[PDB]
Amino acid sequence: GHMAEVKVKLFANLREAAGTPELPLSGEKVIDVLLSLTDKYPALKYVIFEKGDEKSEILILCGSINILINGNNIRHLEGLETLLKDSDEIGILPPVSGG
């Protein structure tokens, strides 16, 4: 139920593929926002998630990305289920020191 209104920020080549440094979006959890980002920017659908389960709607966050919530890093929180809010914010970043 509901979709909390949030913001999303991109960085490095992720900003290049979204064509914007940031944009508004919504979702009740982190993943519900991520899944809308890839919806209009398919150029990030396989840069934020793994190109697997190509016969279902199961997806997996990439193993090289870093996701944030107001900067709090979901990697230290509930993960894809950190439960966003009507004024929360997210940041998506690529890997570093490798690729």
# chains A, B, ... in the order shown; residues from 1 in each chain; ligands from 1
>>> residues_around(residues="residue A:17", least_positions_apart="5", cutoff="12 Å", atoms="only C-alpha atoms", output="ChimeraX atom specification")
/A:10-12,22,37-38,40-48
>>> write_last_selection(atoms="C-alpha atoms", output="CSV table (one decimal), in the first residue's frame")
chain,number,residue,atom,x,y,z
A,10,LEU,CA,22.8,9.5,-9.5
A,11,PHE,CA,26.6,9.8,-9.8
A,12,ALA,CA,29.4,9.2,-12.3
A,22,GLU,CA,18.8,13.6,-9.7
A,37,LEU,CA,14.3,4.4,-11.9
A,38,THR,CA,15.1,1.5,-14.3
A,40,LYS,CA,12.2,5.0,-17.7
A,41,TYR,CA,16.0,4.6,-17.8
A,42,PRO,CA,16.5,1.0,-19.1
A,43,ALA,CA,20.1,2.1,-19.6
A,44,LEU,CA,20.4,1.5,-15.8
A,45,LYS,CA,18.1,-1.6,-15.5
A,46,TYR,CA,21.3,-3.8,-15.9
A,47,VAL,CA,23.6,-1.3,-14.1
A,48,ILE,CA,21.6,-1.4,-10.8
>>> closest_atom_pairs(of="stretch 1-49 of chain A", to="stretch 88-93 of chain A", cutoff="12 Å", atoms="only C-alpha atoms", output="Markdown table")
| residue | atom | partner | partner_atom | distance |
| --- | --- | --- | --- | --- |
| A:3 | CA | A:88 | CA | 11.7 |
| A:4 | CA | A:88 | CA | 8.2 |
| A:5 | CA | A:88 | CA | 7.4 |
| A:6 | CA | A:88 | CA | 4.8 |
| A:7 | CA | A:89 | CA | 4.5 |
| A:8 | CA | A:90 | CA | 4.6 |
| A:9 | CA | A:91 | CA | 4.5 |
| A:10 | CA | A:92 | CA | 5.2 |
| A:11 | CA | A:93 | CA | 5.7 |
| A:12 | CA | A:93 | CA | 7.3 |
| A:13 | CA | A:93 | CA | 8.8 |
| A:14 | CA | A:93 | CA | 7.2 |
| A:15 | CA | A:92 | CA | 9.3 |
| A:18 | CA | A:92 | CA | 11.3 |
| A:21 | CA | A:91 | CA | 10.0 |
| A:22 | CA | A:91 | CA | 8.6 |
| A:23 | CA | A:89 | CA | 9.8 |
| A:24 | CA | A:89 | CA | 8.8 |
| A:25 | CA | A:89 | CA | 9.3 |
| A:26 | CA | A:88 | CA | 9.5 |
| A:27 | CA | A:88 | CA | 10.2 |
| A:28 | CA | A:88 | CA | 10.6 |
| A:29 | CA | A:88 | CA | 10.6 |
| A:30 | CA | A:90 | CA | 8.0 |
| A:31 | CA | A:90 | CA | 10.7 |
| A:32 | CA | A:90 | CA | 11.7 |
| A:33 | CA | A:90 | CA | 8.7 |
| A:34 | CA | A:90 | CA | 9.1 |
| A:37 | CA | A:92 | CA | 10.4 |
| A:38 | CA | A:92 | CA | 11.8 |
| A:44 | CA | A:92 | CA | 10.4 |
| A:47 | CA | A:93 | CA | 9.9 |
| A:48 | CA | A:92 | CA | 8.1 |
| A:49 | CA | A:92 | CA | 11.6 |
>>> atom_distance(atom1="atom CA of residue A:73", atom2="atom CA of residue A:20")
21.2 Å
>>> select_by_dssp(residues="chain A", states="strand (DSSP E or B)", output="list in words")
residues 5, 6, 7, 8, 9, 10, 22, 23, 24, 25, 26, 49, 61, 66, 67, 68, 69, 88, 89, 90, 91, 92 and 93 of chain A
>>> closest_residue(among="A:36, A:2, A:94, A:51", to="residue A:66", atoms="only C-alpha atoms")
A:94
>>> atom_distance(atom1="atom CA of residue A:35", atom2="atom CA of residue A:62")
12.8 Å
>>> select_by_dssp(residues="chain A", states="helix (DSSP H, G or I)", output="VMD selection string")
chain A and resid 13 to 18 30 to 40 42 to 44 74 to 76
>>> residues_around(residues="residue A:95", least_positions_apart="5", cutoff="9 Å", atoms="only C-alpha atoms", output="list in words")
residues 63, 64, 65 and 66 of chain A
>>> write_last_selection(atoms="N, CA and C atoms", output="tab-separated table (two decimals), in the first residue's frame")
chain	number	residue	atom	x	y	z
A	63	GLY	N	26.06	-6.42	-7.79
A	63	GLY	CA	27.04	-6.79	-6.77
A	63	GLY	C	28.22	-5.83	-6.78
A	64	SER	N	28.03	-4.65	-7.38
A	64	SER	CA	29.08	-3.66	-7.55
A	64	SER	C	28.57	-2.24	-7.26
A	65	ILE	N	27.27	-2.08	-7.02
A	65	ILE	CA	26.67	-0.78	-6.76
A	65	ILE	C	26.66	-0.48	-5.27
A	66	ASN	N	26.52	0.81	-4.94
A	66	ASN	CA	26.29	1.24	-3.58
A	66	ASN	C	25.04	2.12	-3.59
>>> atom_distance(atom1="atom CA of residue A:70", atom2="atom CA of residue A:58")
26.5 Å
